[PDB]
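Form deposited without the named molecule, single chain, as structure tokens, below.
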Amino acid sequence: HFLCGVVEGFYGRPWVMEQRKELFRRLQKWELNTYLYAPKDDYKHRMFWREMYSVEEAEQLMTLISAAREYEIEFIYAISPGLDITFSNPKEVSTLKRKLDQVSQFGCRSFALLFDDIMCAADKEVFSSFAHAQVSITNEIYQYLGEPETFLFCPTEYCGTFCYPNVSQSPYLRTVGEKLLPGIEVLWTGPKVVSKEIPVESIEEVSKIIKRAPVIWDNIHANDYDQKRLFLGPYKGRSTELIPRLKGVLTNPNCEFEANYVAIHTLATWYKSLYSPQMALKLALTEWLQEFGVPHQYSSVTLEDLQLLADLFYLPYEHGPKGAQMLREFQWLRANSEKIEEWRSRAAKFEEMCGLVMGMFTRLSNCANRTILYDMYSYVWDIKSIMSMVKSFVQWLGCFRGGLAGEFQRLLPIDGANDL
């Protein structure tokens, strides 16, 4: 059974139970089938992974695992012991069984052991390598829980760039593919952490070394790695030819829950297709518009508002066409500040485009869905403030920002080394 859905696997404030239940509704509404629970800073998932859940947390996880069953989403419970586990100490192993047993009595039946970060001297004696230590404990938790239907394993070398010396010849992956039990699945993020493309030939290459088709943990829409970035563009860079070669695809999307309508809608479109990223974004935006109401009044947002907004917060390696256009046009205006009529005519057209950013922010702050507006607020306010300043500046040619973080970044020479 091919797994396709969402992993909540980013850093920072995790989602809340009501947001996750609502996630289960949209996964079901769009015919996806999986949720992987792995919030990096939900303290009992990784930092304090040994602490069992309290009476009140047990009641919230049981309720959340029941909702996943109600909406026919498979619930996968992950745990990340890798930061301070002692693999050779029986009580660490018993604690890891005791804590999965407690989640198992909450209704959960599928699990994952993740090893995404960074070996003690006591385990150098018992285990021949880091890959042997993880595979030993993963296999033993696997068999100890009755060999569950779905059990996932995220390796430490979880992408091409993290493979040493490379994918095909890695000591680490080779031990994993040889000694990890055939029934356990392997997570893989592609050639990179955030893969621009995931080529079929790269998936073939990792499948030989790990001896099975991987489950993609996809970071295409993840935004936890830069405060100013948001990704509302379509699922893209993965050919539908990957589907016969994969055990599943689970996206790790933006931290702000309401901003992942497009990211999950288009992945669902891609899973059912063969696939046009631009057509997928138009179906996702057209459906999304219905959620931007006007408050009922007893005493606004357009489709082109959302097209502009997505083009300004698109994808990690690409801007949408309206974003690249306004940025190409402002480069030309700045560079060329007869030819005089051209400059003013194109400056006039560019201030109008700036006005459309201001107008999209204004109608978005009038919408009835306060949740969507709050999740995206700082991003939309920021792009509006800047374009209001850019617009002023274009007019001028015609007449501490960022904090300490910003001041250090301007002093690095690769500051705008990827600008257009």
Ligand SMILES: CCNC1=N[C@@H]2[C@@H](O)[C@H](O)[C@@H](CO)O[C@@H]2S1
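Residue positions are given as counts along the sequence shown, with the first one as 1.
This next part talks about the form solved in complex with the named molecule, which is not shown.
With the partner removed from view, the residue among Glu92, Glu74, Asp224, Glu205 that has a non-hydrogen atom within 4.5 Å of the named molecule in the entry with it bound turns out to be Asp224. For the candidate set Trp217, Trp270, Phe313, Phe151, a heavy atom within 4.5 Å of the named molecule in the entry with it bound is found for exactly one residue, namely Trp217. In plain terms, the part of the chain that comes close to the named molecule in the entry with it bound, with a heavy atom within 4.5 Å, is 185-193 out of 95-103, 185-193, 305-313, 345-353. Using a 4.5 angstroms heavy atom cutoff to the named molecule in the entry with it bound, all of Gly9, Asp117 and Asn252 count as contacting. Although the partner is absent here, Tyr158 sits close enough that one of its heavy atoms falls within 4.5 Å of the named molecule in the entry with it bound. Proximity of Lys40 to the named molecule in the entry with it bound falls within the 4.5 Å heavy atom cutoff.
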